[PDB]
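What follows is data_25.cif (mmCIF, C-alpha atoms).
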```
data_entry
#
loop_
_atom_site.label_atom_id
_atom_site.label_comp_id
_atom_site.auth_asym_id
_atom_site.auth_seq_id
_atom_site.Cartn_x
_atom_site.Cartn_y
_atom_site.Cartn_z
CA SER A 51 0.00 0.00 0.00
CA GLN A 52 2.44 2.72 1.14
CA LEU A 53 6.11 2.90 0.14
CA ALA A 54 8.52 5.47 1.56
CA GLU A 55 11.26 7.08 -0.54
CA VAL A 56 14.67 5.90 0.67
CA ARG A 57 16.90 7.70 -1.87
CA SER A 58 17.59 8.10 -5.59
CA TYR A 59 20.45 7.50 -8.05
CA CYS A 60 21.45 9.64 -11.04
CA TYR A 61 22.79 7.28 -13.70
CA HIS A 62 22.86 9.76 -16.63
CA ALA A 63 24.53 13.17 -16.37
CA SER A 64 25.71 15.98 -18.64
CA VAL A 65 28.47 18.57 -18.27
CA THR A 66 27.48 22.23 -18.16
CA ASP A 67 29.59 25.39 -17.79
CA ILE A 68 33.17 24.16 -17.78
CA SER A 69 35.28 26.66 -15.83
CA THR A 70 39.00 26.36 -15.05
CA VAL A 71 40.87 29.06 -13.12
CA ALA A 72 44.56 28.96 -14.05
CA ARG A 73 47.29 29.91 -11.58
CA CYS A 74 51.08 30.08 -11.47
CA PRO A 75 53.36 27.39 -10.00
CA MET A 76 54.35 27.67 -6.31
CA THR A 77 50.97 29.30 -5.62
CA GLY A 78 49.77 26.11 -3.93
CA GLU A 79 46.04 25.49 -4.12
CA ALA A 80 43.90 26.96 -6.88
CA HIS A 81 40.46 28.25 -5.88
CA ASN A 82 37.58 28.86 -8.28
CA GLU A 83 34.61 30.89 -7.04
CA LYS A 84 32.33 28.03 -8.14
CA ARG A 85 33.27 25.94 -5.07
CA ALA A 86 30.61 27.84 -3.10
CA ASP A 87 27.62 26.28 -4.88
CA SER A 88 27.26 22.51 -4.66
CA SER A 89 25.81 22.43 -8.18
CA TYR A 90 29.28 23.10 -9.57
CA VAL A 91 31.62 20.10 -9.58
CA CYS A 92 35.12 21.36 -8.77
CA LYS A 93 38.46 19.53 -8.76
CA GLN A 94 42.06 20.55 -8.13
CA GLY A 95 44.80 20.04 -10.70
CA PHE A 96 47.76 21.65 -12.41
CA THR A 97 48.99 22.92 -15.76
CA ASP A 98 52.65 22.49 -16.68
CA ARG A 99 53.88 26.01 -17.39
CA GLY A 100 56.58 27.57 -19.51
CA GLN B 1 66.10 56.78 -3.80
CA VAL B 2 62.81 54.93 -4.29
CA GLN B 3 60.40 57.01 -6.39
CA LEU B 4 57.61 55.56 -8.52
CA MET B 5 56.73 57.49 -11.67
CA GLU B 6 53.84 56.58 -13.96
CA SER B 7 52.45 57.50 -17.34
CA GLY B 8 50.85 60.91 -17.03
CA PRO B 9 47.28 62.02 -17.69
CA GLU B 10 45.84 60.01 -20.58
CA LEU B 11 42.98 60.94 -22.90
CA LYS B 12 40.82 57.96 -23.83
CA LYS B 13 37.48 57.07 -25.43
CA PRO B 14 35.08 54.23 -24.59
CA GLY B 15 35.85 51.04 -26.50
CA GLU B 16 39.62 51.50 -26.79
CA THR B 17 42.54 49.90 -24.92
CA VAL B 18 45.36 51.32 -22.81
CA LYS B 19 48.50 50.10 -21.04
CA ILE B 20 49.31 52.22 -17.97
CA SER B 21 53.03 52.29 -17.24
CA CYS B 22 54.67 52.48 -13.82
CA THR B 23 58.41 53.13 -13.86
CA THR B 24 60.28 52.40 -10.63
CA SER B 25 63.71 53.47 -9.39
CA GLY B 26 65.99 52.99 -6.40
CA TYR B 27 65.56 49.21 -6.19
CA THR B 28 65.77 46.05 -8.24
CA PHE B 29 62.47 45.77 -10.07
CA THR B 30 61.59 42.07 -9.79
CA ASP B 31 62.20 42.25 -6.03
CA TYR B 32 59.04 44.25 -5.17
CA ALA B 33 55.49 43.53 -6.30
CA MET B 34 53.38 46.38 -7.65
CA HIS B 35 50.21 47.22 -5.73
CA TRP B 36 47.66 48.77 -8.08
CA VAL B 37 45.02 51.03 -6.52
CA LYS B 38 42.22 52.81 -8.39
CA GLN B 39 40.78 56.08 -7.06
CA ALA B 40 37.07 56.26 -7.86
CA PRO B 41 35.57 59.54 -9.16
CA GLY B 42 33.97 59.87 -5.73
CA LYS B 43 37.52 59.92 -4.32
CA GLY B 44 37.16 56.36 -3.07
CA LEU B 45 40.42 54.39 -3.29
CA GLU B 46 39.51 51.01 -4.79
CA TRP B 47 42.37 48.51 -4.69
CA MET B 48 42.93 46.91 -8.10
CA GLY B 49 45.43 44.21 -7.15
CA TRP B 50 49.09 43.31 -6.87
CA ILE B 51 51.28 41.65 -9.49
CA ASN B 52 53.80 39.07 -8.39
CA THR B 53 56.80 40.44 -10.21
CA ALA B 54 59.27 37.58 -10.34
CA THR B 55 57.50 35.28 -12.14
CA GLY B 56 55.49 38.20 -13.55
CA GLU B 57 52.20 37.04 -12.01
CA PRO B 58 49.23 39.43 -11.76
CA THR B 59 46.78 38.95 -8.89
CA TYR B 60 43.47 40.70 -9.59
CA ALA B 61 40.83 41.94 -7.24
CA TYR B 62 37.73 40.12 -8.47
CA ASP B 63 35.90 43.29 -9.54
CA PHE B 64 38.87 44.26 -11.75
CA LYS B 65 39.32 40.89 -13.46
CA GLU B 66 39.40 40.05 -17.18
CA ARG B 67 39.07 43.59 -18.54
CA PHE B 68 42.32 44.67 -16.82
CA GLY B 69 45.86 43.31 -16.80
CA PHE B 70 49.23 43.62 -15.09
CA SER B 71 52.27 43.30 -17.37
CA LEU B 72 55.95 43.94 -16.74
CA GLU B 73 59.29 44.92 -18.25
CA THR B 74 62.22 43.83 -16.09
CA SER B 75 65.29 45.56 -17.52
CA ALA B 76 64.13 49.20 -17.38
CA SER B 77 62.12 48.61 -14.17
CA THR B 78 58.76 49.55 -15.71
CA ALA B 79 55.51 47.95 -14.51
CA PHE B 80 52.53 48.11 -16.86
CA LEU B 81 48.77 48.23 -16.23
CA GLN B 82 46.85 47.03 -19.29
CA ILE B 83 43.16 47.85 -19.74
CA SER B 84 40.85 46.50 -22.44
CA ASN B 85 37.45 47.81 -23.53
CA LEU B 86 37.66 51.27 -21.96
CA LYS B 87 34.60 52.57 -20.11
CA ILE B 88 33.60 56.08 -19.07
CA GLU B 89 33.12 54.92 -15.47
CA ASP B 90 36.85 54.12 -15.44
CA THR B 91 37.78 57.81 -15.57
CA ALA B 92 39.89 58.05 -12.44
CA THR B 93 43.41 58.20 -11.06
CA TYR B 94 45.47 55.00 -10.88
CA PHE B 95 48.46 54.25 -8.66
CA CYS B 96 51.31 51.76 -8.21
CA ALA B 97 53.31 50.77 -5.14
CA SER B 98 56.57 49.06 -4.12
CA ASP B 99 55.62 45.91 -2.26
CA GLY B 100 56.38 45.46 1.42
CA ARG B 101 53.89 42.51 1.33
CA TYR B 102 51.53 42.15 4.32
CA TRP B 103 52.42 45.68 5.50
CA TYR B 104 51.78 47.13 2.00
CA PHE B 105 54.34 49.64 0.86
CA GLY B 106 56.49 52.58 1.86
CA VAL B 107 56.34 54.49 -1.44
CA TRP B 108 53.33 55.64 -3.46
CA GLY B 109 53.30 55.88 -7.24
CA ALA B 110 53.11 59.25 -8.96
CA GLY B 111 49.62 58.45 -10.24
CA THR B 112 47.90 58.15 -13.62
CA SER B 113 44.65 59.98 -14.38
CA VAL B 114 42.74 58.26 -17.17
CA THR B 115 39.97 60.25 -18.86
CA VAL B 116 37.44 58.21 -20.85
CA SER B 117 35.12 60.54 -22.74
CA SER B 118 34.00 61.22 -26.32
CA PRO B 119 34.62 65.04 -26.94
CA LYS B 120 36.31 67.29 -29.48
CA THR B 121 39.32 69.36 -28.48
CA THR B 122 37.76 72.77 -27.98
CA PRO B 123 38.86 76.25 -26.89
CA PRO B 124 37.02 77.60 -23.84
CA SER B 125 34.36 80.29 -23.99
CA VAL B 126 35.95 83.08 -21.94
CA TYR B 127 33.46 85.75 -20.91
CA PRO B 128 34.28 88.98 -19.03
CA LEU B 129 31.56 89.27 -16.40
CA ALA B 130 30.31 92.76 -15.57
CA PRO B 131 29.16 93.10 -11.93
CA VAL B 132 25.86 94.86 -11.28
CA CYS B 133 24.91 97.22 -8.46
CA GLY B 134 24.07 94.34 -6.12
CA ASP B 135 27.48 92.79 -6.81
CA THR B 136 29.40 95.61 -5.06
CA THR B 137 29.44 94.94 -1.31
CA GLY B 138 31.78 96.32 1.33
CA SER B 139 34.09 98.66 -0.64
CA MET B 140 35.04 95.83 -3.04
CA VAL B 141 33.82 95.17 -6.58
CA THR B 142 33.91 91.46 -7.34
CA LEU B 143 34.83 90.56 -10.92
CA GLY B 144 34.58 87.18 -12.59
CA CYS B 145 35.60 85.21 -15.66
CA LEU B 146 33.51 82.38 -17.12
CA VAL B 147 35.56 79.59 -18.73
CA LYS B 148 33.07 77.47 -20.63
CA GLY B 149 33.31 74.34 -22.75
CA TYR B 150 37.02 73.53 -23.02
CA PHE B 151 38.69 70.20 -23.70
CA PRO B 152 41.07 68.90 -22.54
CA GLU B 153 42.45 69.96 -19.15
CA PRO B 154 44.14 72.00 -17.84
CA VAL B 155 43.53 75.72 -18.29
CA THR B 156 45.66 78.44 -16.70
CA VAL B 157 43.37 81.28 -15.63
CA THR B 158 45.23 84.36 -14.37
CA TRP B 159 44.34 88.03 -13.98
CA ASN B 160 46.37 90.80 -15.63
CA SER B 161 49.12 88.28 -16.44
CA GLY B 162 48.82 86.97 -12.88
CA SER B 163 49.82 90.32 -11.37
CA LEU B 164 46.85 90.38 -8.96
CA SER B 165 46.29 87.07 -7.16
CA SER B 166 44.66 88.78 -4.15
CA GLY B 167 40.98 87.88 -4.46
CA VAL B 168 41.45 85.35 -7.26
CA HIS B 169 39.61 82.05 -6.76
CA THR B 170 39.97 79.62 -9.67
CA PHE B 171 37.17 77.09 -9.30
CA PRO B 172 37.21 73.49 -10.58
CA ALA B 173 35.41 72.39 -13.74
CA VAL B 174 33.03 69.45 -14.18
CA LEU B 175 31.72 67.55 -17.21
CA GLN B 176 29.13 69.01 -19.58
CA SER B 177 28.80 66.95 -22.78
CA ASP B 178 32.39 65.87 -22.01
CA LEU B 179 33.38 69.56 -21.94
CA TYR B 180 34.65 71.46 -18.92
CA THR B 181 33.19 74.67 -17.50
CA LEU B 182 34.83 76.62 -14.68
CA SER B 183 34.65 80.21 -13.47
CA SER B 184 37.27 82.40 -11.81
CA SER B 185 36.50 85.45 -9.67
CA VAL B 186 38.95 88.20 -8.73
CA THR B 187 38.14 90.32 -5.67
CA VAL B 188 39.52 93.87 -5.88
CA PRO B 189 38.32 96.99 -4.02
CA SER B 190 35.74 99.26 -5.64
CA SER B 191 38.35 102.00 -6.18
CA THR B 192 40.33 99.69 -8.50
CA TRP B 193 37.50 99.04 -10.98
CA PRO B 194 36.84 100.19 -13.51
CA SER B 195 39.72 102.55 -12.69
CA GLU B 196 42.43 99.89 -13.06
CA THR B 197 42.57 97.29 -15.82
CA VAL B 198 41.39 93.83 -14.74
CA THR B 199 41.75 91.16 -17.46
CA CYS B 200 41.33 87.43 -16.91
CA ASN B 201 44.00 85.57 -18.89
CA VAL B 202 42.90 82.02 -19.73
CA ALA B 203 45.78 79.92 -21.06
CA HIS B 204 44.60 76.61 -22.57
CA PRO B 205 47.74 75.07 -24.11
CA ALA B 206 45.85 71.84 -24.85
CA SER B 207 43.76 73.75 -27.40
CA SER B 208 46.59 76.30 -27.83
CA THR B 209 44.35 79.24 -26.88
CA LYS B 210 45.47 82.08 -24.60
CA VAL B 211 42.43 84.32 -24.13
CA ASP B 212 42.46 87.80 -22.57
CA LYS B 213 39.13 89.34 -21.52
CA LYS B 214 38.67 92.60 -19.61
CA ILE B 215 35.49 93.29 -17.64
CA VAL B 216 33.79 96.56 -18.60
CA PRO B 217 31.21 98.49 -16.56
CA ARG B 218 27.52 98.58 -17.43
#
```
Go through the file and emit its structure as structure tokens.
Amino acid sequence: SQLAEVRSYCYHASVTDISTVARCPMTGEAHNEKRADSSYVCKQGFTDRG
Amino acid sequence: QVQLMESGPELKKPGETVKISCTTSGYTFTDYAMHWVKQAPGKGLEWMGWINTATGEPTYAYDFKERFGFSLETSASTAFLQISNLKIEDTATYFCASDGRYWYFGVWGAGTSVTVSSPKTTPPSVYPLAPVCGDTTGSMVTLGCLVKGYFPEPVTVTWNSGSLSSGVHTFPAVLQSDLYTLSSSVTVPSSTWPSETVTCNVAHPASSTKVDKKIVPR
């Protein structure tokens, strides 16, 4: 008769609004302003620089 | 000696680009970052950012990002402020600094006043202003000189080749259709006018106009 909602699973996703904030070496962490909202998926990284 | 000189007053129009130069002396250039500070038209000092100089790395304040830039030249010790897509709201004075890091700096840049407007270089309208009966109060006859619609700044407004500075007040000019209008008033006693010659001399070397106008009685 009655079924409660335990949770859900998103199997299919799409990428929207790719944003990458570049920084210089030795600056340590890079911070993009998109880390405030949880809707934006942010990840650290690096770019080999000349 | 550490003294920071910049590119002087610059005349710009909306939609153009500019690179504002800051030349430094008295120290090795790459050793001090350059703090960039904008002075808003309301005389607010709005900090633009500091450029890591080594390494040549600009660090923007978020409001100043992506339409501005910090570039460098190491050998001659000249720091550059690049601006793209000029805007009229950017008319202001800009400054550079010699970095003492977390305590800021000990030396201020000479300053750069950028003017973003869309006028034609124009000679001022210089009008000798005849005082009326109600304009003579307390043994003195006040005289005045209207300087109207000149571009660009500055204008040198003197009286009788600057011989009488006594009651001379040269007032600032503001923007009218991107033209400047100021007025200057000399205060001399009533016995000196119109007995003695009083002529406001408006020197506008930007438009190459030196104008001499004497006030006559009515």
Selection in question (the file shown): the PyMOL selection byres ((chain A) within 12 of (chain B)). Which residues does it include, as JSON, numbers by chain?
{"A": [71, 72, 73, 74, 75, 76, 77, 82, 83, 99, 100]}
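Among the candidate residues B:4, B:48, B:146, B:54, the one lying nearest to residue 181 in chain B is B:146, with distances computed using only C-alpha atoms.
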Name the residues captured by the PyMOL selection byres ((chain B and resi 15) around 10) when it is applied to the shown file; answer as a list in words.
residues 12, 13, 14, 16, 17, 84, 85, 86, 87, 88 and 116 of chain B
Which residues would end up in the selection if the PyMOL selection byres ((chain B and resi 216) around 10) were applied here, given that I need the answer as a list in words?
residues 128, 129, 130, 131, 143, 193, 194, 197, 198, 199, 213, 214, 215, 217 and 218 of chain B
Output file for the selection above: C-alpha atoms, as a PDB file, in the coordinates of the input:
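That gives us out_30.pdb:
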```
ATOM      1  CA  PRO B 128      34.280  88.980 -19.030  1.00  0.00           C
ATOM      2  CA  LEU B 129      31.560  89.270 -16.400  1.00  0.00           C
ATOM      3  CA  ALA B 130      30.310  92.760 -15.570  1.00  0.00           C
ATOM      4  CA  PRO B 131      29.160  93.100 -11.930  1.00  0.00           C
ATOM      5  CA  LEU B 143      34.830  90.560 -10.920  1.00  0.00           C
ATOM      6  CA  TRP B 193      37.500  99.040 -10.980  1.00  0.00           C
ATOM      7  CA  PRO B 194      36.840 100.190 -13.510  1.00  0.00           C
ATOM      8  CA  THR B 197      42.570  97.290 -15.820  1.00  0.00           C
ATOM      9  CA  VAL B 198      41.390  93.830 -14.740  1.00  0.00           C
ATOM     10  CA  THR B 199      41.750  91.160 -17.460  1.00  0.00           C
ATOM     11  CA  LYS B 213      39.130  89.340 -21.520  1.00  0.00           C
ATOM     12  CA  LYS B 214      38.670  92.600 -19.610  1.00  0.00           C
ATOM     13  CA  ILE B 215      35.490  93.290 -17.640  1.00  0.00           C
ATOM     14  CA  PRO B 217      31.210  98.490 -16.560  1.00  0.00           C
ATOM     15  CA  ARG B 218      27.520  98.580 -17.430  1.00  0.00           C
TER      16      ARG B 218
END
```
How big is the axis-aligned box around all listed atoms of range 76-92 of chain A once 8 Å goes on each side, and where's its centre, in Å to one decimal, as lines of an AutoDock Vina configuration file?
```
center_x = 40.1
center_y = 25.5
center_z = -6.3
size_x = 44.5
size_y = 26.8
size_z = 22.5
```
For residue 95 in chain A, please output as a ChimeraX atom specification all residues within 10 Å (counting all atoms listed in the file; exclusion window: fewer than 4 positions along the same chain).
/A:70,72,79-80
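Interatomic distance, CA of residue 126 in chain B against CA of residue 160 in chain B: 14.4 Å.
If you look at CA of residue 53 in chain B and CA of residue 92 in chain A, they are 28.9 Å away from each other.
Going from CA of residue 184 in chain B to CA of residue 114 in chain B covers 25.3 Å.
Counting all atoms listed in the file, the residue from B:212, B:111, B:21, B:120 that sits nearest to residue 158 in chain B is B:212.
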Just give me the residues with any atom within 10 Å of (66.4, 44.5, -17.2), file coordinates, counting all atoms listed in the file, written as an mmCIF file with C-alpha atoms, in the coordinates of the input.
```cif
data_model
loop_
_atom_site.group_PDB
_atom_site.id
_atom_site.type_symbol
_atom_site.label_atom_id
_atom_site.label_comp_id
_atom_site.auth_asym_id
_atom_site.auth_seq_id
_atom_site.Cartn_x
_atom_site.Cartn_y
_atom_site.Cartn_z
ATOM 1 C CA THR B 28 65.770 46.050 -8.240
ATOM 2 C CA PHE B 29 62.470 45.770 -10.070
ATOM 3 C CA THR B 30 61.590 42.070 -9.790
ATOM 4 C CA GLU B 73 59.290 44.920 -18.250
ATOM 5 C CA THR B 74 62.220 43.830 -16.090
ATOM 6 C CA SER B 75 65.290 45.560 -17.520
ATOM 7 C CA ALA B 76 64.130 49.200 -17.380
ATOM 8 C CA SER B 77 62.120 48.610 -14.170
ATOM 9 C CA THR B 78 58.760 49.550 -15.710
#
```
Point out the residue among B:19, B:125, B:103, B:26 with the least atom-to-atom distance to residue 82 in chain B, counting only C-alpha atoms.
B:19
Distance query residue 71 in chain B at most 7 Å, only C-alpha atoms, self and fewer than 4 positions along chain excluded, as number ranges by chain:
B: 79-82
For residue 66 in chain A, which residue out of A:86, A:91, A:81, A:96 is the nearest one, using only C-alpha atoms?
A:91
Residue nearest residue 192 in chain B - candidates B:155, B:164, B:132, B:174, atoms counted: all atoms listed in the file
B:164
